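Read the single chain below, which is given as structure tokens and is the form deposited in one PDB entry.
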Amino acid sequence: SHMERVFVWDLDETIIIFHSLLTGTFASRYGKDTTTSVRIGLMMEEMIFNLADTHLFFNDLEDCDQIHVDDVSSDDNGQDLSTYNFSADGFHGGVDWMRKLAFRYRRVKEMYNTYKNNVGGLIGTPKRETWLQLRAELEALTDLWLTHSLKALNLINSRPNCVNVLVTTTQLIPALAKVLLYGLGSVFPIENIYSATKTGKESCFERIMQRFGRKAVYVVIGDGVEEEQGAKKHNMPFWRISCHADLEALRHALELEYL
């Protein structure tokens, strides 16, 4: 008999600042050095795709455009993938191939779960140190943006009748890499991440409502138009985020309500 809320977050320029570092709009809006903005943006970009290629089978899975990690779970036999050799299995077919596809997404899921709170372990040294230094420069230049978004994400997580869902235009694998490198692994259960690169956010929202029911209250949080328009088409309240203040306002609302 408890009211339940489903928070449908956007990632880029909502929870994290990354793309706006390359375009110079963030540095320009808050008076930061544009040259530092771009340097940091490119370094993080390198780390995101390097983690993607090296550990999340990005060169293998990219051309699939999958929406959710479990979309091809039908073809998984559930075997142990601890010693399974992905390189020598000839993936690059339509049935024995579907099984190898599924194996890869589940191994991604396993990597994500064992390393979500130990990204330094996954990334390995010396990348870990460079990563911690990058995150440090990033937090400074963005005036603790991530610190603010996390405060809302963690209040949502700790609250019993609230849940965190993620919908991003970023492709699925790179999205998981971003989420991991920005320390969001522990706040977003992998089964709650959706990539709207191709089906679009409206479809993803519809799918998320099918999954959580009509009795739950949805709140679409984001900085972009797509997300807002999709929220209208489904009569889902929309919470826009344009600056730190907006993340603080969400946090405030989150702490005054007991469900």
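Throughout, we count residues from 1 along the sequence that is shown. Between two forms, the rigid core is defined as the largest C-alpha subset superposing within 1.5 Å.
This protein has a second form, the form deposited with a partner chain bound, left out of what is shown; the following refers to that one.
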{"item": "Partner proximity in the deposited bound form: residue 217 to its partner chain, non-hydrogen atom cutoff 4.5 Å", "value": "yes"}
{"item": "Residue 249 within 4.5 Å of its partner chain in the deposited bound form, heavy atoms", "value": "yes"}
{"item": "Exercise: residue 19 in contact with its partner chain in the deposited bound form, heavy atom 4.5 Å", "value": "no"}
{"item": "Region of this chain that lies against its partner chain in the deposited bound form, out of 217 to 225, 61 to 69, 41 to 49, 189 to 197 [heavy atom, 4.5 Å]", "value": "217 to 225"}
{"item": "Only residue that shifts (Cα, 2 Å or more, rigid core superposed) between this form and the one not shown, among 117, 147, 125, 74", "value": "74"}
